[PDB]
Amino acid sequence: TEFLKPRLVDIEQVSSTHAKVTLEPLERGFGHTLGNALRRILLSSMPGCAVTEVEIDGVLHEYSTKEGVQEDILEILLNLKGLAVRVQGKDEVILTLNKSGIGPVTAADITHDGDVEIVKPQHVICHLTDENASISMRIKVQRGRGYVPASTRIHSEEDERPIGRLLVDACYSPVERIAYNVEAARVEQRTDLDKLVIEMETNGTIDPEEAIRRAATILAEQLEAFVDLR
Amino acid sequence: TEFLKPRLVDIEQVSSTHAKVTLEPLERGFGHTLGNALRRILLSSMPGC
Amino acid sequence: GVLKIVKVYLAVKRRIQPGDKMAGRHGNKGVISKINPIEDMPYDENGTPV
């Protein structure tokens, strides 16, 4: 046993969305061992927030069209899937949005709750054409992980909701893309060591470093079973 | 996070040399995540003489 | 004989699944066999999965 642990070195957050993370020194072969295993976890397991339900007044169903609004209701819902939200405290929040007039409605127009940060305020939601048009909605954002579509929910959800309330496919997972490169790290004696460079592209918020911590934690939890139970 | 851990189920030690080990339940994708990572370590990293 | 008739229109959202039929414009057919998790998909050096 010549145990050798890596240490988190550089976190070059090129953008809030895109971040490079170098990591060294790793003993030979562990670059790819750890690189791939983490990548798998990062893509799926990663928990996040997403719009689960929607309620717009004067809207019975998603296939209808609202007057004074360019986008049909489905188009609006698509944009809401894309809406990047960080909820700090609670796991479930219901944000309100009442906007009027001749305006491309953006995320900023949503009334932000004390502990709810809208990561991309400029994110388009709806386009109000008629000035006398006023849109008013309530968007439920929950915390989950992976991808839970509305079709999954309706199947298990024998719990009836009121008509009016529109369920949305929840894309909880924040990690948009991930890749890891392995270069050689050079020590005085050991030139066979390697550095791992993880390039992550995530939606809003979920902090590169924090996501790394969590992903490693999930993997270690699994390893408990193979160590502790035999 | 609703962390789903696997539990070591069966250890069919067909021989002292050869052993099968089933393991369940693993959440989706972790079969290969863990499977391969361990295999790498087991082969190239296990110290010996 | 018919006194009154009621027509209902349902709208259904169908997502693709195994068994559905897909093709290009070159006469290349196929049926979906399996929906693979993104983690398992072949991916290029850059990280972008197929």
# chains A, B, ... in the order shown; residues from 1 in each chain; ligands from 1

call {"tool": "closest_atom_pairs", "arguments": {"of": "chain A", "to": "chain C", "cutoff": "8 Å", "atoms": "only C-alpha atoms", "output": "tab-separated table"}}
result
residue	atom	partner	partner_atom	distance
A:39	CA	C:39	CA	7.5
A:40	CA	C:39	CA	5.0
A:41	CA	C:39	CA	7.9
A:43	CA	C:39	CA	6.3
A:44	CA	C:39	CA	7.3
A:177	CA	C:47	CA	6.7
A:178	CA	C:47	CA	5.6
A:179	CA	C:47	CA	4.3
A:180	CA	C:47	CA	7.5

call {"tool": "write_last_selection", "arguments": {"atoms": "C-alpha atoms", "output": "short mmCIF file (atom, residue, chain, number, x, y, z; two decimals), in the first residue's frame"}}
result
data_model
loop_
_atom_site.label_atom_id
_atom_site.label_comp_id
_atom_site.auth_asym_id
_atom_site.auth_seq_id
_atom_site.Cartn_x
_atom_site.Cartn_y
_atom_site.Cartn_z
CA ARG A 39 -18.96 11.92 -14.38
CA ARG A 40 -21.68 9.24 -14.20
CA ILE A 41 -22.85 10.42 -10.84
CA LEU A 43 -24.94 13.61 -14.75
CA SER A 44 -27.74 11.78 -12.91
CA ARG A 177 -22.45 18.80 -19.57
CA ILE A 178 -19.39 17.26 -18.03
CA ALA A 179 -16.04 16.00 -19.21
CA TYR A 180 -12.71 15.12 -17.59
#

call {"tool": "interface_residues", "arguments": {"of": "chain B", "to": "chain A", "cutoff": "9 Å", "atoms": "only C-alpha atoms", "output": "count of residues only"}}
result
23

call {"tool": "atom_distance", "arguments": {"atom1": "CA of residue 81 in chain A", "atom2": "CA of residue 50 in chain A"}}
result
6.8 Å

call {"tool": "residues_around", "arguments": {"residues": "residue 30 in chain C", "least_positions_apart": "6", "cutoff": "10 Å", "atoms": "only C-alpha atoms", "output": "JSON, numbers by chain"}}
result
{"C": [19, 20, 21, 22, 23, 24]}

call {"tool": "select_by_dssp", "arguments": {"residues": "chain B", "states": "strand (DSSP E)", "output": "PDB file with N, CA, C and O atoms, in the first residue's frame"}}
result
ATOM      1  N   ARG B   7     -27.147  -3.210  -0.541  1.00  0.00           N
ATOM      2  CA  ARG B   7     -26.805  -4.080   0.545  1.00  0.00           C
ATOM      3  C   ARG B   7     -26.221  -5.340  -0.039  1.00  0.00           C
ATOM      4  O   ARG B   7     -26.737  -5.894  -1.007  1.00  0.00           O
ATOM      5  N   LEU B   8     -25.118  -5.797   0.540  1.00  0.00           N
ATOM      6  CA  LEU B   8     -24.480  -7.057   0.102  1.00  0.00           C
ATOM      7  C   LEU B   8     -25.394  -8.262   0.306  1.00  0.00           C
ATOM      8  O   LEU B   8     -25.668  -8.648   1.430  1.00  0.00           O
ATOM      9  N   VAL B   9     -25.875  -8.836  -0.790  1.00  0.00           N
ATOM     10  CA  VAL B   9     -26.863  -9.910  -0.734  1.00  0.00           C
ATOM     11  C   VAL B   9     -26.257 -11.314  -0.702  1.00  0.00           C
ATOM     12  O   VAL B   9     -26.249 -11.979   0.340  1.00  0.00           O
ATOM     13  N   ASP B  10     -25.749 -11.788  -1.839  1.00  0.00           N
ATOM     14  CA  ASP B  10     -25.258 -13.165  -1.897  1.00  0.00           C
ATOM     15  C   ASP B  10     -23.768 -13.250  -2.162  1.00  0.00           C
ATOM     16  O   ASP B  10     -23.269 -12.444  -2.917  1.00  0.00           O
ATOM     17  N   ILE B  11     -23.096 -14.183  -1.488  1.00  0.00           N
ATOM     18  CA  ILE B  11     -21.678 -14.414  -1.668  1.00  0.00           C
ATOM     19  C   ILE B  11     -21.470 -15.882  -1.968  1.00  0.00           C
ATOM     20  O   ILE B  11     -21.165 -16.644  -1.095  1.00  0.00           O
ATOM     21  N   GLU B  12     -21.652 -16.265  -3.218  1.00  0.00           N
ATOM     22  CA  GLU B  12     -21.532 -17.665  -3.573  1.00  0.00           C
ATOM     23  C   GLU B  12     -20.072 -17.970  -3.827  1.00  0.00           C
ATOM     24  O   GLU B  12     -19.555 -17.659  -4.904  1.00  0.00           O
ATOM     25  N   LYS B  20     -18.665 -15.546  -6.662  1.00  0.00           N
ATOM     26  CA  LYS B  20     -19.644 -14.625  -7.246  1.00  0.00           C
ATOM     27  C   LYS B  20     -20.252 -13.801  -6.137  1.00  0.00           C
ATOM     28  O   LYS B  20     -20.456 -14.295  -5.057  1.00  0.00           O
ATOM     29  N   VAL B  21     -20.560 -12.546  -6.397  1.00  0.00           N
ATOM     30  CA  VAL B  21     -21.132 -11.720  -5.346  1.00  0.00           C
ATOM     31  C   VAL B  21     -22.243 -10.899  -5.930  1.00  0.00           C
ATOM     32  O   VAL B  21     -21.959  -9.976  -6.674  1.00  0.00           O
ATOM     33  N   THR B  22     -23.491 -11.228  -5.613  1.00  0.00           N
ATOM     34  CA  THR B  22     -24.564 -10.387  -6.109  1.00  0.00           C
ATOM     35  C   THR B  22     -24.788  -9.252  -5.132  1.00  0.00           C
ATOM     36  O   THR B  22     -24.349  -9.270  -4.001  1.00  0.00           O
ATOM     37  N   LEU B  23     -25.453  -8.223  -5.599  1.00  0.00           N
ATOM     38  CA  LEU B  23     -25.445  -6.999  -4.853  1.00  0.00           C
ATOM     39  C   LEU B  23     -26.622  -6.215  -5.299  1.00  0.00           C
ATOM     40  O   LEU B  23     -26.723  -5.861  -6.447  1.00  0.00           O
ATOM     41  N   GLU B  24     -27.505  -5.894  -4.386  1.00  0.00           N
ATOM     42  CA  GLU B  24     -28.681  -5.107  -4.766  1.00  0.00           C
ATOM     43  C   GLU B  24     -29.341  -4.420  -3.569  1.00  0.00           C
ATOM     44  O   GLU B  24     -29.019  -4.712  -2.418  1.00  0.00           O
TER      45      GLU B  24
END

call {"tool": "atom_distance", "arguments": {"atom1": "CA of residue 104 in chain A", "atom2": "CA of residue 130 in chain A"}}
result
11.2 Å

call {"tool": "residues_around", "arguments": {"residues": "range 55-66 of chain A", "least_positions_apart": "4", "cutoff": "8 Å", "atoms": "only C-alpha atoms", "output": "PyMOL selection string"}}
result
chain A and resi 71-74+135-139+163-166

call {"tool": "write_last_selection", "arguments": {"atoms": "N, CA and C atoms", "output": "PDB file, in the first residue's frame"}}
result
ATOM      1  N   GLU A  71     -46.954  33.837 -27.311  1.00  0.00           N
ATOM      2  CA  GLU A  71     -46.720  32.436 -27.040  1.00  0.00           C
ATOM      3  C   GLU A  71     -47.968  31.733 -26.533  1.00  0.00           C
ATOM      4  N   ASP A  72     -48.146  30.508 -27.030  1.00  0.00           N
ATOM      5  CA  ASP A  72     -49.202  29.648 -26.573  1.00  0.00           C
ATOM      6  C   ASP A  72     -48.727  29.076 -25.250  1.00  0.00           C
ATOM      7  N   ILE A  73     -49.660  28.510 -24.511  1.00  0.00           N
ATOM      8  CA  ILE A  73     -49.377  28.199 -23.133  1.00  0.00           C
ATOM      9  C   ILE A  73     -48.294  27.142 -22.994  1.00  0.00           C
ATOM     10  N   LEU A  74     -48.225  26.253 -23.977  1.00  0.00           N
ATOM     11  CA  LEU A  74     -47.198  25.220 -23.956  1.00  0.00           C
ATOM     12  C   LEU A  74     -45.838  25.857 -24.096  1.00  0.00           C
ATOM     13  N   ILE A 135     -50.800  39.423 -17.551  1.00  0.00           N
ATOM     14  CA  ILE A 135     -50.666  38.005 -17.198  1.00  0.00           C
ATOM     15  C   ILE A 135     -50.339  37.771 -15.719  1.00  0.00           C
ATOM     16  N   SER A 136     -51.043  36.813 -15.149  1.00  0.00           N
ATOM     17  CA  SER A 136     -50.874  36.541 -13.758  1.00  0.00           C
ATOM     18  C   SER A 136     -50.852  35.038 -13.508  1.00  0.00           C
ATOM     19  N   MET A 137     -49.742  34.621 -12.915  1.00  0.00           N
ATOM     20  CA  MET A 137     -49.515  33.204 -12.647  1.00  0.00           C
ATOM     21  C   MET A 137     -48.797  32.891 -11.323  1.00  0.00           C
ATOM     22  N   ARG A 138     -48.908  31.635 -10.929  1.00  0.00           N
ATOM     23  CA  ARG A 138     -48.196  31.121  -9.778  1.00  0.00           C
ATOM     24  C   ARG A 138     -47.466  29.846 -10.158  1.00  0.00           C
ATOM     25  N   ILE A 139     -46.155  29.889 -10.004  1.00  0.00           N
ATOM     26  CA  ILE A 139     -45.282  28.801 -10.414  1.00  0.00           C
ATOM     27  C   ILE A 139     -44.721  28.062  -9.207  1.00  0.00           C
ATOM     28  N   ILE A 163     -58.757  21.581 -11.452  1.00  0.00           N
ATOM     29  CA  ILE A 163     -58.599  21.923 -12.867  1.00  0.00           C
ATOM     30  C   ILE A 163     -58.125  23.360 -12.937  1.00  0.00           C
ATOM     31  N   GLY A 164     -57.272  23.688 -13.892  1.00  0.00           N
ATOM     32  CA  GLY A 164     -56.630  24.969 -13.839  1.00  0.00           C
ATOM     33  C   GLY A 164     -55.171  24.723 -13.588  1.00  0.00           C
ATOM     34  N   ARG A 165     -54.839  23.854 -12.636  1.00  0.00           N
ATOM     35  CA  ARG A 165     -53.427  23.712 -12.233  1.00  0.00           C
ATOM     36  C   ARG A 165     -52.694  22.827 -13.219  1.00  0.00           C
ATOM     37  N   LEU A 166     -51.595  23.325 -13.775  1.00  0.00           N
ATOM     38  CA  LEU A 166     -50.898  22.665 -14.864  1.00  0.00           C
ATOM     39  C   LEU A 166     -49.625  22.019 -14.344  1.00  0.00           C
TER      40      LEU A 166
END

call {"tool": "residues_around", "arguments": {"residues": "range 85-102 of chain A", "least_positions_apart": "2", "cutoff": "10 Å", "atoms": "only C-alpha atoms", "output": "VMD selection string"}}
result
chain A and resid 48 to 56 68 to 69 82 to 83 104 to 121 127 to 144 203 to 206

call {"tool": "atom_distance", "arguments": {"atom1": "CA of residue 49 in chain B", "atom2": "CA of residue 19 in chain B"}}
result
21.1 Å

call {"tool": "select_by_dssp", "arguments": {"residues": "chain B", "states": "helix (DSSP H, G or I)", "output": "VMD selection string"}}
result
chain B and resid 30 to 45

call {"tool": "write_last_selection", "arguments": {"atoms": "C-alpha atoms", "output": "tab-separated table (two decimals), in the first residue's frame"}}
result
chain	number	residue	atom	x	y	z
B	30	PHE	CA	-24.64	2.99	-10.43
B	31	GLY	CA	-24.33	-0.60	-11.53
B	32	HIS	CA	-21.69	0.34	-14.04
B	33	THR	CA	-20.38	3.33	-12.06
B	34	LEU	CA	-19.35	1.20	-9.21
B	35	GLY	CA	-18.82	-1.92	-11.25
B	36	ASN	CA	-16.12	-0.50	-13.42
B	37	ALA	CA	-14.41	1.71	-10.86
B	38	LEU	CA	-13.98	-1.30	-8.60
B	39	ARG	CA	-12.80	-3.54	-11.38
B	40	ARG	CA	-10.02	-1.07	-12.23
B	41	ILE	CA	-8.84	-0.86	-8.69
B	42	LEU	CA	-9.12	-4.61	-8.26
B	43	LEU	CA	-6.86	-5.41	-11.19
B	44	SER	CA	-4.21	-2.82	-11.52
B	45	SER	CA	-4.12	-1.50	-7.98

call {"tool": "decode", "arguments": {"residues": "chain B", "atoms": "C-alpha atoms", "output": "short mmCIF file (atom, residue, chain, number, x, y, z; two decimals), in the first residue's frame"}}
result
data_model
loop_
_atom_site.label_atom_id
_atom_site.label_comp_id
_atom_site.auth_asym_id
_atom_site.auth_seq_id
_atom_site.Cartn_x
_atom_site.Cartn_y
_atom_site.Cartn_z
CA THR B 1 -31.12 13.70 -1.71
CA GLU B 2 -32.76 10.42 -0.82
CA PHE B 3 -29.54 8.41 -0.91
CA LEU B 4 -30.28 4.75 -1.91
CA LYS B 5 -27.67 2.33 -0.59
CA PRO B 6 -27.06 -1.19 -1.78
CA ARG B 7 -26.81 -4.08 0.54
CA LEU B 8 -24.48 -7.06 0.10
CA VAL B 9 -26.86 -9.91 -0.73
CA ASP B 10 -25.26 -13.17 -1.90
CA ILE B 11 -21.68 -14.41 -1.67
CA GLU B 12 -21.53 -17.67 -3.57
CA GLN B 13 -17.97 -18.73 -2.98
CA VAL B 14 -17.92 -21.42 -5.62
CA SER B 15 -14.28 -21.94 -4.81
CA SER B 16 -11.72 -20.28 -2.53
CA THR B 17 -10.22 -18.89 -5.72
CA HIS B 18 -13.50 -18.12 -7.55
CA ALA B 19 -16.43 -16.24 -5.96
CA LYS B 20 -19.64 -14.63 -7.25
CA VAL B 21 -21.13 -11.72 -5.35
CA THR B 22 -24.56 -10.39 -6.11
CA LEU B 23 -25.44 -7.00 -4.85
CA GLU B 24 -28.68 -5.11 -4.77
CA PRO B 25 -30.54 -2.84 -5.11
CA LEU B 26 -28.44 -0.23 -6.91
CA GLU B 27 -29.96 2.91 -8.26
CA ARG B 28 -29.92 3.26 -12.03
CA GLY B 29 -26.53 3.78 -13.59
CA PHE B 30 -24.64 2.99 -10.43
CA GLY B 31 -24.33 -0.60 -11.53
CA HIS B 32 -21.69 0.34 -14.04
CA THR B 33 -20.38 3.33 -12.06
CA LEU B 34 -19.35 1.20 -9.21
CA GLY B 35 -18.82 -1.92 -11.25
CA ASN B 36 -16.12 -0.50 -13.42
CA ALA B 37 -14.41 1.71 -10.86
CA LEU B 38 -13.98 -1.30 -8.60
CA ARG B 39 -12.80 -3.54 -11.38
CA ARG B 40 -10.02 -1.07 -12.23
CA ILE B 41 -8.84 -0.86 -8.69
CA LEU B 42 -9.12 -4.61 -8.26
CA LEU B 43 -6.86 -5.41 -11.19
CA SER B 44 -4.21 -2.82 -11.52
CA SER B 45 -4.12 -1.50 -7.98
CA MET B 46 -4.47 -4.50 -5.60
CA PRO B 47 -1.05 -4.88 -3.95
CA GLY B 48 0.58 -8.21 -3.76
CA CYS B 49 3.73 -10.17 -4.42
#
